[PDB]
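please find the sequence and an experimentally derived structure below.
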Amino acid sequence: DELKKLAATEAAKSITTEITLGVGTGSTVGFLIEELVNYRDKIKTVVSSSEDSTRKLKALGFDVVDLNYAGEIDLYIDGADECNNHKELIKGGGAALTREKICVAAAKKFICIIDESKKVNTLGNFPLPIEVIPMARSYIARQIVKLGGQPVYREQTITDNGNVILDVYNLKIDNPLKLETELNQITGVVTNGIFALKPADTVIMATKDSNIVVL
Amino acid sequence: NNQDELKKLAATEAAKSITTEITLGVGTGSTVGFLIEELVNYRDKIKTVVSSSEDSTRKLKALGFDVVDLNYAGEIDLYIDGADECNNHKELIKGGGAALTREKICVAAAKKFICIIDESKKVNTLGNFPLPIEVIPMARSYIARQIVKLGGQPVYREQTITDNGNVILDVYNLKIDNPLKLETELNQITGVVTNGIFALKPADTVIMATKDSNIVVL
Ligand SMILES: [Br-]
Ligand SMILES: [Br-]
Ligand SMILES: [Cl-]
Ligand SMILES: [Cl-]
Ligand SMILES: [Cl-]
Ligand SMILES: [Cl-]
Ligand SMILES: [Cl-]
Ligand SMILES: [Cl-]
């Protein structure tokens, strides 16, 4: 908590000029959003990847704009579910996989905040989310099995764009770039949760000893 | 209306491939409309119908066919659909009617894909028809910037929302030297749902009706 405020404060320090800021989703991002009151004069435009964050930003007086109206994001700040030694991530375990990935895609710089528990040497212990067109769900699950993954439909979840989620277990993702590409080619896959083709630019990590290391 | 006669001939000929009890998948568009009319004569072999669009589903129901969700159907034995362009290698451009996503899913789940066209669709090089791409609406501007970087001119298709709730960018002025590579590259763009190049999984058979009112099989 004090740790979260510290990691979020570190991230906020990257806001040094007038920018279009993009904001992610999750619990450490919550602390970032509170800290943004100290950078209001530099936050020209805010884009959000999730309803929760948007509610929180609006409560502090920030106007949140649609990405199509904002144009390019200068700086996107978000958490992750897993991070490896090359700033490649698994994200999407919560809400908003597709919105988060679009925001990262449109961002000049992506800062990812994590704690050390999420740091791994190989991605895959945390299940990989994949957003899929509903009509293709079973077809895609079958192709995922051929890759060695165990797909599990995420019950009672419909995404912002009317799709469903398969959470994929049992993968040892030693080549995130190649698996991300492969999953992209499966017909009916909208988005997958590997962020490797466009990895984080900076990772701020809160350590077991409650200090901050910037990678 | 000669073109319509050609379309009917191609469709009729394709329906002759329904020779046993099957799960049939149905495409979308004007040529497929004539196929759907012909299906009444094959009603007893069509155990399950999967549809690539709510448009086709309306037409199927008007003729008393039940339509089943692909997840329940499993695999399609035979999928029959049209195309906006078809080259010499049975690679296609599709999505002029905005149903490319469900179409491509049906092709992916099908054992055999027959493409039905009149000769106006046949080209030596793909690229004479703007390339449709279904995109997540929030990503529209981002993807358009990426398409420009690739050398194309993205045009939002006005007044069109797909069955999946997304929008269409038609990409003009983009050469397709290497269809499988370009299909792969467009799939990498965040927010792209599907692109209209059908080359990674091409048609198995193309039935083309020509002006003499003859058939050509590829
Ligand atoms: Br693993
Ligand atoms: Br040509
Ligand atoms: Cl947005
Ligand atoms: Cl499933
Ligand atoms: Cl049922
Ligand atoms: Cl179409
Ligand atoms: Cl646009
Ligand atoms: Cl190629």
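Okay, I see it. Residues are numbered from 1 along each chain as shown, chains lettered A, B, ... in the order given. Ligands and ions are numbered 1, 2, ... in the order given.

from now on I want contacts and neighbour counts done on CA atoms only, so please keep to that.
OK.

what about the residue in chain A that ligand 1 sits nearest to, how many neighbours?
When distances are taken as C-alpha to the ion, chain A approaches ligand 1 most closely through residue A:172, which lies 3.6 Å from it. Taking other C-alpha atoms under 10 Å in any protein chain shown as the criterion, the count of residues near residue A:172 is 13.

which residue, neighbours along the chain excluded, lies closest to it?
Leaving aside its sequence neighbours, residue A:172 sits nearest to residue A:124 (C-alpha to C-alpha, 6 or more residues apart in numbering or on different chains; 5.2 Å).

so who does that neighbour touch?
A:90, A:169, A:170, A:171, A:172, A:173 (C-alpha atoms under 8 Å, 6 or more residues apart in numbering or on different chains).

show me the contacts for the fourth one.
Right, residue A:171. So residue A:171 contacts A:124, A:125, A:148, A:149, A:150 (C-alpha under 8 Å, 6+ apart).

also residue A:188?
Applying C-alpha under 8 Å, 6+ apart to residue A:188 gives the contacts A:132, A:133, A:136, A:137, A:140, B:101, B:105, B:193, B:194.

tell me how chain A divides into domains.
A:1-121+A:194-215, A:122-193 (curated CATH domains).

and residue A:62, which of the three is it?
Of the three states, residue A:62 takes coil according to DSSP: H, G, I helix; E, B strand; the rest coil.

whoops, I mixed them up, residue A:148
coil.

that one: neighbouring residues, count only.
As a burial measure, residue A:148 scores 13 neighbours (other C-alpha under 10 Å).

for residue A:145, same thing?
Neighbouring residues of residue A:145 were enumerated by other C-alpha under 10 Å; the total is 12.

number of nearby residues for the nearest residue to residue A:174 once chain neighbours are set aside?
The spatial neighbour of residue A:174 that comes closest, neighbours along the chain excluded (C-alpha to C-alpha, 6+ apart), is residue A:122 at 5.8 Å. A count of neighbours around residue A:122, defined by other C-alpha under 10 Å, yields 18.

list the contacts of residue A:122.
For residue A:122, the set of contacting residues under the criterion of C-alpha under 8 Å, 6+ apart consists of A:84, A:85, A:172, A:173, A:174.

and the strand of greatest length in chain A, which residues are buried?
Secondary structure of chain A read by DSSP state E shows that its longest strand is strand A:107-115. In terms of neighbour count (16 or more other C-alpha atoms under 10 Å in any protein chain shown), strand A:107-115 has its buried residues at A:107, A:109, A:110, A:111, A:112, A:113, A:114, A:115.

biggest separation within the contacts of residue A:188, which pair?
Pairwise distances across the contacts of residue A:188 peak at 15.1 Å for A:137 and B:194 (criterion: C-alpha to C-alpha).
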